[PDB]
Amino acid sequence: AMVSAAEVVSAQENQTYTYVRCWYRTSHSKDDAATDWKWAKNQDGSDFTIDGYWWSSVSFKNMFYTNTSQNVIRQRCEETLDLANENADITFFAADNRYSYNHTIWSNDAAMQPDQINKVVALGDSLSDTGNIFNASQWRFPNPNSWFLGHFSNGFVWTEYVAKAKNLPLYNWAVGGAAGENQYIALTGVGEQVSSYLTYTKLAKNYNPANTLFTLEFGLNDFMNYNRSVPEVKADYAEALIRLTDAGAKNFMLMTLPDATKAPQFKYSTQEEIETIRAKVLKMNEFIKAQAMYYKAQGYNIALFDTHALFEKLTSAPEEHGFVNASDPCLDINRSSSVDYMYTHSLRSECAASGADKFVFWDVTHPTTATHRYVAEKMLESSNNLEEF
């Protein structure tokens, strides 16, 4: 059950209103991660409010549920900000006042919604995190001048590009560990993300899990940062799919893990450490393929994308895929230290010259937003353009 029927009505009946914080990239260039915000307004200059209710689990992470669509909220932010910026990369959150954190807005579905995907729910690590650590860090980590508003990149991540391409809302539960995230948030495991998804969606109105597209990418955090065994990670991944499918999930975007040892931070790792992580990645990838087929044989809608194979091609011949550099970070970071996520960094000369869209990597671990877009686009075109969904 997760949340009783009595708890749900009582929370949904506690109707109020809140304001919308409209965030945007201050620069026209994706080389500049810096952002700012304005309160959403109506065309007449009056305050834009959204009606609805608040709810938090014992996690105390507060979500605002509204009947107002994400399109209406986005449109209000676009018209309030009135930018001539194709790279404004607008994101929005519920907030009562200047002291409020960035709260995710859940737009409740209509009761008579058609049988079609109408939202994306992402589970995973820093490859899918859109800002889950950022409030906990008091908006200081990752430093908002060199990392795009709580994203471990210079812009949107792959899930945001997939959701945007299909004009769908994206609800994120993802959080990584390679940047020292676990110094700010406790429960970052895939199991905790599934539990959180199952708890917050009980509060939603007219929620049909069959209309959700689930994205899942997990294992690199475990292998890179916690030296977890392949069977431990295999079991957690199988458990996430068992739990989601038992809870009505029908549509999944699954991916093999890219070989993370090709990231710049492994220039500073020993051969032994690299060989260990690479071997674990290869074993996990055969298991992901077996899991994808297992659920596909049962009638579930599964899109399996071989990110590992795409990334081997991208890093061996960047010049064949729209990139100039696949070996160095775009930022001038020449060591692997988690403290670097606390400061502003200049772009290295080579990246300043080519632009961030020509580099595979943003920092020593994380890909640029151009790489994220490249994977999202390759995924969208794959499996005869999502014929399964």
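Residue positions are given as counts along the sequence shown, with the first one as 1. Basically, rigid core = biggest C-alpha set you can superpose within 1.5 Å across the two forms.
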property: Farther-lying stretch by C-alpha RMS in 4 other deposited structures of this protein, rigid core as reference, of 250-258 and 136-144; result: 136-144
property: Greatest C-alpha divergence in 4 other deposited structures of this protein once each structure is fitted on the rigid core, 219-227 or 237-245; result: 219-227
property: Entry-level comparison of average CA B-factors, 254-262 and 82-90, reporting the higher stretch; result: 82-90
property: Entry-level comparison of average CA B-factors, 185-193 and 285-293, reporting the higher stretch; result: 185-193
property: From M224, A235, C77, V175, residue of greatest CA B-factor; result: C77
property: Residue with maximal Cα B-factor (values as given in the PDB entry) among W362, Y341, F64, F48; result: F48
property: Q15, C-alpha B-factor rank within chain (lowest, middle or highest third); result: highest
property: Third of the chain, ranked by Cα B-factor, where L220 sits; result: lowest
property: Chain third (lowest, middle, highest) by recorded CA B-factor, residue given as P114; result: highest
property: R98 CA temperature factor, ranked by third within the chain; result: highest
property: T212 CA temperature factor, ranked by third within the chain; result: lowest
